[PDB]
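Novice: A structural model of the following input is requested.
(chains A and B)
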Amino acid sequence: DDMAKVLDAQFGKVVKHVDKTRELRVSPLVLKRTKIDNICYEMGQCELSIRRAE
RNA sequence: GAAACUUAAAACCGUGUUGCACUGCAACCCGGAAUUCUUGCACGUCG
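Specialist: Numbering: from 1, shown residues only, chains lettered A, B, ... in the order given. Have a look at this structure:
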């Protein structure tokens, strides 16, 4: 609910976010998922690793 | 003895370069030190 007041300070005349985020307890209201005709997964995920190489 | 100017007239003048030769010159770095650097997701929102 902290994320909804700041999103309604720049938007809000299109879609009311304050009343909708306390009915299904989600913020934001969508999920950026994609498709390559095979598997539906997200947009922008990565797998991270590191090593201390000289 | 008392009485009658060794006087009159006459330029110390005429001619003549304080002139001739001579570098205010020779040698000398406006030079030595100094990062156009510090912070910043081409991103958020979907009847």
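Novice: quick check: the residue of chain A nearest RNA strand B.
Specialist: residue A:28 (3.3 Å; CB to the nearest atom of the strand). Heads up, the C-betas are built off the backbone N, CA and C, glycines and all.
Novice: residues contacting that residue?
Specialist: Residue A:28 sits next to A:3, A:7 when contact means CB atoms under 8 Å, 6 or more residues apart in numbering.
Novice: ok, now residue A:16?
Specialist: With CB under 8 Å, 6+ apart, residue A:16 has these contacts: residue A:8.
Novice: and residue A:6, that's in a strand?
Specialist: No: assessed with DSSP: H, G, I helix; E, B strand; the rest coil, residue A:6 is helix; it does not lie in a strand.
Novice: count of neighbours near it?
Specialist: Residues lying near residue A:6 (other CB atoms under 10 Å) number 10.
Novice: what of residue A:26?
Specialist: Around residue A:26 there are 13 residues (other CB under 10 Å).
Novice: kindly report the same for residue A:4.
Specialist: Applying other CB under 10 Å, we find 20 residues neighbouring residue A:4.
Novice: next one: the residue nearest to it when sequence neighbours are not counted from residue A:6, what distance?
Specialist: Nearest residue to residue A:4, sequence neighbours excluded (CB to CB, 6 or more residues apart in numbering): residue A:21, at 4.3 Å. For residue A:21, the distance to residue A:6 (CB to CB, to the nearest Å) stands at 12 Å.
Novice: so residue A:10: helix, strand or coil?
Specialist: With three-state DSSP as the basis, the three-state label of residue A:10 is coil.
Novice: how deep is it tucked in, by neighbour count?
Specialist: For residue A:10, using other CB under 10 Å, the count is 6.
Novice: quickly list what the nearest residue to residue A:40 once chain neighbours are set aside is bridged to.
Specialist: The shortest distance from residue A:40 to any non-neighbouring residue, by CB to CB, 6+ apart, is to residue A:33 (5.5 Å). Beta-bridge pairing of residue A:33 under DSSP bridges involves residue A:42.
Novice: so who does residue A:33 touch?
Specialist: A:40-43.
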